[PDB]
Structures are given as C-alpha cells and as structure tokens.
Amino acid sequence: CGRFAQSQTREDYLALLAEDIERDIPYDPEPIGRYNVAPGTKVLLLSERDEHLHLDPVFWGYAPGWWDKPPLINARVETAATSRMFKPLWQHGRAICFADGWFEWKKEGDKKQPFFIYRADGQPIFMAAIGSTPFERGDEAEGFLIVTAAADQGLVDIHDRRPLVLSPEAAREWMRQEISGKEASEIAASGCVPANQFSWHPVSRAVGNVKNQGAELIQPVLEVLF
C-alpha cells in the first residue's frame, strides 16, 4: 500500500463520483500522468468542504510536531478510528485518493516481484484516506494517509495488507462532512471492495526505483523473470 498509479485525467476519476455541479474543481483535460506515485510527494487528494468536492495537492505522509519518527503513510482500519493519533483525522479529515491501481511486491525467498493490481471491470479505484485538514494549506509534514485493511481472498497471495478501496457509492458517503466517525466506520466495513473484483500482473522491477516514471511501469512484463 506504498505505491500506486494516478495517470488519467481528473474527469476520468470524478465522473463516477458526482455530477459537475457538486464539484469546485476547475476543468483540466491534461492526464495527471503519474505512473509511480511515491510516499512523501504531494498527491492530488479529493475531499468535501463547503458542500462541494475539492481537489488539493496534499503531502502523502503524516508527521505531527510531537512525532519524531518518519512520517506515517498508512493507517490500519482495525484501529485508526480509536487511535490517539488518528482519531481526529478519522472524524474530520476523511478524504479519497483515486488511482488506476496500486503496486505490491510479492516476496519470494529473499527477492520481490512487483505486481500492478487493478479493477477487472476497468474502473479507477477510490482509496479511503484520512489526513490533516485544512488540506488546502499545503502542509509539508501533516498530509494524508491511505487507510489499509487485511488482505482478503486472492490478495493475501501477494501481501498481508491492502488499501481500503471503496465503491464509488461508499467513497462519496465517506467524504461527507455530515457523516460521523461511527458512521465512517460502518462505511469502511460495508464498503470495502472485495479482492475478487481485482486482477493483477507482474510489472517490470524498474518501478521499485521512485525515479522511474514511464508509462511502461504499469504494463505487464513480456516475460515473467525469476
């Protein structure tokens, strides 16, 4: 849950979530074009404020002033709502990070094989996030985290954890300011997209290096190498 792709246009991601009137997001036809989105960068993050959807560039990582460790990039759904650290973000900082799919590295012996995981039906994924509001302030240390869950069914074949991916319906409800922390927990449990909705393939090991940013990084290898 530490790398993903966000390569399509804003409209490609927003079309499934709301009518245009519900957005305060300027039209932009340019694909976001990111094939290797890394922790510690600014990522376009979707949230609701002032009764409209907003898209803000937000640091992927969370390190409050009292936190003297490396910024956290994930929050476990099992405990985040009651965590002394994450509870205020669960209540007031919910957001969505949309993506084409995400990468996981399957460990085999002492080496890894990266996989690109995506919805078989072609839809983008809406990953549940929590973060430090107000998002538009461009904070350098207190940004957002991707909520994770235990891997289910086939995804356990790759890694023990997975991002909490919500249906488009659940993703919209997740962002609403009217929805409480407890109601957010209900959405997280009932809205998680099951692993059987995803397919995956091995991709080039070049994706491991965050300096690599070509479109080939999400494509299937021509020959699986061991």
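Counting begins at 1, following the sequence as shown.
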With B-factors read from the PDB entry, the higher C-alpha mean of 194-202 and 24-32 is in 24-32
Ranked by mean Cα B-factor in the entry, 40-48 and 174-182, top stretch is 174-182
Residue set 61, 65, 163, 57, per-entry CA B-factor max assigned to 65
Of the three thirds of the chain ranked by Cα temperature factor, residue 156 occupies the highest
Split the chain's modelled residues into thirds by Cα B-factor; residue 100 lands in the lowest
Temperature factor at the Cα of residue 18, chain-ranked in thirds, falls in the highest
Sorting the chain's modelled residues by C-alpha B-factor and splitting them into thirds places residue 84 in the highest
Assert third(CA B-factor, residue 224) within chain per record equals highest
